[PDB]
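Enquirer: Here it is, the structure, as structure tokens.
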Amino acid sequence: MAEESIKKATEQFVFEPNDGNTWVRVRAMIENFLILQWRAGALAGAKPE
Amino acid sequence: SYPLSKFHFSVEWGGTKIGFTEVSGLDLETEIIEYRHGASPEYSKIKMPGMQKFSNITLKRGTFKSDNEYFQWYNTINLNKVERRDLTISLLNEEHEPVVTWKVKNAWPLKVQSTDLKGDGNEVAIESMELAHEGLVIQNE
Amino acid sequence: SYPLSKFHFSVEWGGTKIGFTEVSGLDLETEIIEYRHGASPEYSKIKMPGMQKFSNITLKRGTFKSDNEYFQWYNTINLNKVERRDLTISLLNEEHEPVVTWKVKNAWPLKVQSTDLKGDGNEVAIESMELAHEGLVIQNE
Amino acid sequence: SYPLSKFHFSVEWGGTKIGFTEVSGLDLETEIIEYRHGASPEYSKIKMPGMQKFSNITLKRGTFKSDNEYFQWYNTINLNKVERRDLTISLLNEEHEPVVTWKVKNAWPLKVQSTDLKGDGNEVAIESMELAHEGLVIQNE
Amino acid sequence: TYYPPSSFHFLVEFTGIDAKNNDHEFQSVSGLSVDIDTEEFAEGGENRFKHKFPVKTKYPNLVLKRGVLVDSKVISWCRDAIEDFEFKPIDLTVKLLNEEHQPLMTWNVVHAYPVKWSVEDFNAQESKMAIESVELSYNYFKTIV
Amino acid sequence: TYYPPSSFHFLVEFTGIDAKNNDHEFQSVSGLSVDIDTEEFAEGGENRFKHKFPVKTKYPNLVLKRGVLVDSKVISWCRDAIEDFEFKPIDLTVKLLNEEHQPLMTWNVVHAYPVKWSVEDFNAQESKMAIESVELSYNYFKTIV
Amino acid sequence: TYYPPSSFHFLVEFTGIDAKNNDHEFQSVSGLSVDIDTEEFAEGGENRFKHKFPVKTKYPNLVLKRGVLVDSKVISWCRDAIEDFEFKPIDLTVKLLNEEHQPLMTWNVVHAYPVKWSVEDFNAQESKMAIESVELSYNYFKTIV
Amino acid sequence: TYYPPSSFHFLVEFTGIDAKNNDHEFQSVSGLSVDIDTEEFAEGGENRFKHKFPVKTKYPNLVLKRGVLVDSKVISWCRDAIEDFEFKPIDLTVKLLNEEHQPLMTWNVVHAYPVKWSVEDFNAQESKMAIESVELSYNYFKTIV
Amino acid sequence: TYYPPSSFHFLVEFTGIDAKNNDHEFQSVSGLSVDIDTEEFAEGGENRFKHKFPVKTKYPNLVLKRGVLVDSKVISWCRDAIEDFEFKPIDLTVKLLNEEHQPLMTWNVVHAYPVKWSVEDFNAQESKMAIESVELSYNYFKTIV
Amino acid sequence: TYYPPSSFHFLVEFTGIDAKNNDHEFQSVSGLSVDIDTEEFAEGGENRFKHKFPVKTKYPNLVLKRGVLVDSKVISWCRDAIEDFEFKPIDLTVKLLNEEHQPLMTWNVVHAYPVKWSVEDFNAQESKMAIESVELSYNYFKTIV
């Protein structure tokens with residue numbers, strides 16, 4: 001489940017330039033997906049780190 | 001192949017004479033609006049035209065017996081009313097015909113200045129006037 | 001072994017003539033940002049570059065019969081629109097070829113100034129223009 | 001038993017030539033802090049030293065064919081980065097050796113000014129530069 | 001840093017709204033800060049100070065300004081919320097840039113939506129640009145650096 | 001835009017009031033903006049932020065200024081409401097114009113009526129024009145562009 | 001108008017008080033304006049705006065200023081009200097004049113009486129005129145033009 | 001008047017306190033004014049205005065300033081009230097003078113007593129005169145002219 | 001007086017604290033003033049004024065400023081109160097001096113103790129002296145002259 | 001002193017946070033002051049003054065400013081408290097320095113933790129440095145000198 005959702009979220013960056021201004025946007029998006037899963041109780045750990 | 005000189009000219013202002021000693025202030029001016037957005041690669045601004053302005057016009061002449069034309073025009077001011085006139089200024093050729101013409105819309109007098117008197121003042125008494133207006137067009141064909 | 005003189009030059013501005021009497025304002029300027037933290041052993045500030053500026057350019061020429069190029073360019077202003085031009089200024093050698101070139105981006109006219117008239121004005125009537133622009137590059141190879 | 005003259009000197013600034021027409025601005029300045037307590041018998045203040053300042057340095061030279069050293073240094077500015085240099089200014093003796101030296105830390109150019117052009121300008125075209133810096137030491141042994 | 005960076009070179013990007021280059025350029029950005037609400041208590045016998053306790057983390061609205069743009073996608077999004085109560089929150093990135101135009105530091109703004117839209121007064125006697133202003137509410141932000 | 005438009009060229013038109021050219025000319029227009037009222041809530045266990053919810057869309061009054069005109073139709077309409085409580089709401093259009101004097105963008109102001117009318121103080125020692133000011137209440141606006 | 005009138009030429013006249021030429025001349029006049037008090041209501045299901053309703057028409061006090069005059073009839077009238085609670089309301093006319101010294105427009109002020117009277121502070125180190133100020137309450141006004 | 005009088009030539013005199021020439025000279029006088037408190041009422045069916053009614057006449061305190069005088073009789077009187085609650089009200093006359101040094105107009109201040117006394121701050125780094133200030137409460141005043 | 005004294009030459013002395021010459025020198029002194037609290041009453045039938053009655057005499061805190069002194073006795077006294085709630089009130093004399101450095105006039109400040117102590121902000125980019133400020137509460141004062 | 005010290009040379013040090021030279025340098029420091037809360041009481045028969053009593057000692061927050069630093073240890077510490085409610089108080093020393101760069105005087109700040117963090121607004125049309133600001137709450141301070 002988690003892999004499919006992330007895969008779809010990253011389609012919007014497929015034809016973007018491959019540089020720092022894209023790398024940072026991809027990271028922010030993935031982290032937002034995962035923080036929600038953590039709050040929901042799927043992921044283990046006291047804090048996101 | 002030669003430029004024009006600056007001493008042969010005439011002024012039509014609705015008075016009885018067209019000869020003047022000095023004419024100045026025939027200028028045009030536009031304001032500038034500047035802009036820069038934070039993401040621009042250049043660290044300077046882009047410029048475009050704003051609103052427009054005009055300068056006042058100054059006319060100078062010698063004082064003559066029984067000629068009170070400047071005062072009489074000034075004295076037409078009555079609260080917010082004044083006689084407005086079309087002012088035509090022209091640079092002349094050797095046949096005394098126009099070459100370059102400055103056309104001025106809606107002029108009226110802002111101030112009238114008299115001469116100063118001196119015991120040893122061995123010179124001509126010169127009076128002057130300053131005019132407000134609403135626009136200038138330059139013709140040179 | 002000798003320096004260049006300052007009287008042989010030409011200006012390309014999109015008009016019909018390239019001869020001018022005077023050209024001025026070809027400057028470049030940068031702002032300075034200053035800083036000092038309270039624990040520093042020195043009692044003065046450290047400096048670094050800020051944002052950049054350019055000066056306006058002034059051009060002067062003699063008035064000629066049937067030449068109204070300055071007015072016509074000025075008169076292309078329509079609210080926020082204006083015809084913008086590439087201005088090229090060049091210092092010439094004895095073969096009348098460029099030596100030093102100043103390249104100016106996006107110029108338009110800010111103001112047009114006419115001459116003053118005098119009864120005893122034994123001189124040439126000189127008109128002038130002031131231009132806004134967005135950048136200057138200097139070439140000397 | 002005689003004082004030094006002011007016309008024989010050289011400047012080392014990282015460029016290709018050390019000859020200049022004019023050098024100015026080698027100043028040092030300190031601020032003053034004032035104080036008076038109400039019970040004092042004197043009706044004036046006591047003074048002590050504050051923070052320190054330095055002036056900008058101006059350099060003037062004639063324009064030469066294929067020498068674009070001033071522009072090239074200025075053009076190293078990139079947002080907050082610039083090439084900084086050690087500037088050494090020296091007053092010379094009859095053997096062309098240093099007598100008085102002014103040592104300047106971290107200089108960079110603030111502005112570059114080009115010449116003005118004139119139809120009757122029978123003179124040398126002179127360019128100039130203004131420099132920011134972080135400190136001056138004077139040596140005279 | 002040894003020489004700290006200036007503040008005049010930055011980029012605003014939106015996620016969930018069709019991109020156009022004219023919607024990434026702004027005159028000014030403000031509101032990237034935070035605070036903690038506290039409560040006080042006096043303990044009998046302790047006369048040197050009162051105790052203070054944290055309660056909540058608080059963030060201000062994000063404010064963006066620019067010259068008026070007539071075909072903006074961001075404004076169409078604002079209108080759907082303003083006129084019909086259709087709300088669909090977005091994420092946003094604020095980037096502070098270096099001389100290679102790459103980020104020095106960024107801010108990740110989470111779950112934002114429009115609360116305000118305005119245009120400054122017209123004046124027949126002044127030479128000025130028409131300026132537009134948009135304000136957004138959001139839940140929190142994180143930083144990457 | 002690439003070069004954003006200025007704000008000094010515009011037109012105000014009224015629907016439901018007899019037209020005169022002297023009632024379409026104004027010195028200044030203000031009040032074309034909007035905001036959303038919200039409420040806050042603290043959820044137990046969530047210590048990172050408070051929740052915020054929208055409640056209502058809010059608009060300010062529209063304000064018009066000009067030099068004093070003695071035979072105005074708009075003022076006669078204002079007087080009927082002010083003096084006799086006869087209210088008959090109108091619609092209005094605000095137009096921002098281009099160099100061909102055609103609209104860049106317009107605002108459609110719906111169901112407006114007068115709430116205020118005033119003239120600035122007289123002063124025997126100052127050279128000034130007499131200025132008139134009118135304020136209108138309305139329900140909402142839409143834009144066309 | 002095509003050229004709107006200026007505001008520095010005007011006349012104040014009183015009805016019910018013996019006339020003197022020195023009581024018709026003033027430095028400044030203010031307070032000729034009006035407003036309408038309103039109330040708000042939220043209708044369930046309508047989320048685009050709140051409703052607004054008029055309640056009352058409101059007028060500010062009329063304020064007159066001039067240099068101090070010692071034998072004024074207007075001040076004697078003010079004193080009877082101030083010192084003895086003898087109140088006898090008057091009517092008043094404010095006239096804005098043209099170049100022939102005839103009215104452009106007038107204001108009819110109905111049923112006025114005094115609520116305030118003062119003279120500005122004295123200062124041994126300044127060169128100034130002594131200035132007097134009078135404020136009147138009234139019910140409403142009408143205009144003629 | 002035709003040419004109104006200036007305000008820089010005046011005299012303050014006290015009744016009930018031993019006279020000294022140095023207690024009649026002041027830098028500034030203020031507080032010679034009055035106002036009327038009112039109440040409002042809305043009458044059902046009358047929608048053009050609210051009614052207003054007078055209730056009370058009100059006066060501000062009288063304020064006097066001068067350079068510091070060490071042997072003042074007025075200050076000894078102020079101290080008895082300030083330090084011991086011994087109150088003994090006085091009357092006072094304020095005179096505005098003409099070029100022959102005779103009164104143009106006077107104010108009769110009735111039943112006054114001290115409520116405040118102060119001296120301005122000292123500053124070792126400024127060249128200034130020490131200034132004293134006295135404030136009095138009174139019941140009413142009358143004018144003679 | 002004929003020529004009133006200036007305010008830049010004065011002395012502050014403390015009783016109950018070990019003396020040092022560096023604790024008698026100050027940049028500025030303020031707070032030497034007093035006021036009387038009053039109450040109002042309306043008597044039925046009396047419409048010319050309300051009655052006013054005194055209740056209490058009131059004094060402000062005394063404020064002293066100077067450049068920072070590190071070994072001050074006054075500050076050690078302030079710290080005992082601030083840190084441990086050990087309070088031991090002192091008396092104080094403020095002297096305004098003449099050209100022979102003798103008192104023109106003095107103020108006797110009775111039963112004072114510390115309520116505040118602060119030092120102004122540091123700034124790496126400004127050339128300024130560090131300034132210290134002390135505020136004292138007291139019961140009353142008397143004057144001698 | 002005879003010549004008091006200036007305020008532009010100082011050092012901020014932290015205990016409990018890994019040290020870096022770039023976290024000890026600040027543009028400005030403020031908040032090193034204190035006050036005492038009091039209560040008032042009126043005693044019947046005593047009409048010269050009211051009594052005042054101390055209740056509590058009070059301190060303001062400590063505020064630090066500097067240019068933006070991206071790898072700061074202090075900011076990482078602030079983030080743990082801001083984002084996760086993990087609080088771990090620290091001690092701090094403020095040092096005012098002499099010409100040998102040794103302390104003239106120091107302040108011992110006890111048990112501090114972060115309550116605020118912000119960065120000033122960006123502006124595309126101004127040449128400015130990005131400035132960061134941090135505010136800390138603490139219990140009390142002591143001085144050493």
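Following the order of the structure tokens, first chain is A, next is B, and so on, with residues numbered from 1 inside each chain and ligands from 1 in the order they appear.
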Compile the contact shell of residue 59 of chain B as a count of residues only: residues with an atom at most 10 Å away, counting only C-alpha atoms, same-chain residues fewer than 4 positions apart removed.

Expert: 14

Enquirer: Using only C-alpha atoms, select each residue of chain F with any atom at most 12 Å away from an atom of chain J, and give the selection as a PDB file with N, CA and C atoms, in the first residue's frame.

Expert:
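Wrote part_39.pdb, looks like this:
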```pdb
ATOM      1  N   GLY F  45      -4.641  16.138  23.187  1.00  0.00           N
ATOM      2  CA  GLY F  45      -3.625  15.258  22.657  1.00  0.00           C
ATOM      3  C   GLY F  45      -2.867  15.822  21.474  1.00  0.00           C
ATOM      4  N   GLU F  46      -3.374  16.847  20.853  1.00  0.00           N
ATOM      5  CA  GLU F  46      -2.710  17.459  19.729  1.00  0.00           C
ATOM      6  C   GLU F  46      -2.055  18.738  20.239  1.00  0.00           C
ATOM      7  N   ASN F  47      -0.738  18.744  20.424  1.00  0.00           N
ATOM      8  CA  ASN F  47      -0.061  19.905  20.986  1.00  0.00           C
ATOM      9  C   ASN F  47       0.753  20.690  19.973  1.00  0.00           C
ATOM     10  N   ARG F  48       0.622  20.396  18.688  1.00  0.00           N
ATOM     11  CA  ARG F  48       1.403  21.128  17.705  1.00  0.00           C
ATOM     12  C   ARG F  48       0.710  22.372  17.175  1.00  0.00           C
ATOM     13  N   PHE F  49      -0.618  22.423  17.219  1.00  0.00           N
ATOM     14  CA  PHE F  49      -1.371  23.554  16.682  1.00  0.00           C
ATOM     15  C   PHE F  49      -2.822  23.474  17.136  1.00  0.00           C
TER      16      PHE F  49
END
```

Enquirer: With only C-alpha atoms as the counted atoms, please give the residues lying no more than 9 Å from segment 49-56 of chain C, apart from itself and same-chain residues fewer than 5 positions off, as JSON, numbers by chain.

Expert: {"B": [42, 43, 44, 45], "C": [24, 25, 26, 27, 28, 29, 30, 31, 32, 33, 110, 130, 131, 132, 133, 134, 135, 136], "D": [77, 78, 79, 80, 81, 82, 110], "E": [6, 8], "J": [125, 126, 127, 128]}

Enquirer: Run DSSP on the backbone of this structure and report the residues of segment 24-63 of chain J it assigns to strand (DSSP E), as a PyMOL selection string.

Expert: chain J and resi 28-30+33-41+51-58+62-63

Enquirer: For chain A, list the residues within 10 Å of chain J, counting only C-alpha atoms, and write the list as a list in words.

Expert: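 Contact residues on the first chain: residues 46, 47 and 48 of chain A.
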
Enquirer: Determine, counting only C-alpha atoms, which protein, DNA and RNA residues have an atom within 9 Å of an atom of segment 116-123 of chain J; residues of the same chain fewer than 2 positions away are not included. Present the result as a PyMOL selection string.

Expert: (chain B and resi 37-38) or (chain E and resi 7-10+27-36) or (chain J and resi 68+75+78+82+114+125-128+130-136)

Enquirer: Take atom CA of residue 121 of chain C and atom CA of residue 113 of chain B and report the distance between them in Å, one decimal.

Expert: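 Straight-line distance from atom CA of residue 121 of chain C to atom CA of residue 113 of chain B works out to 22.6 Å.
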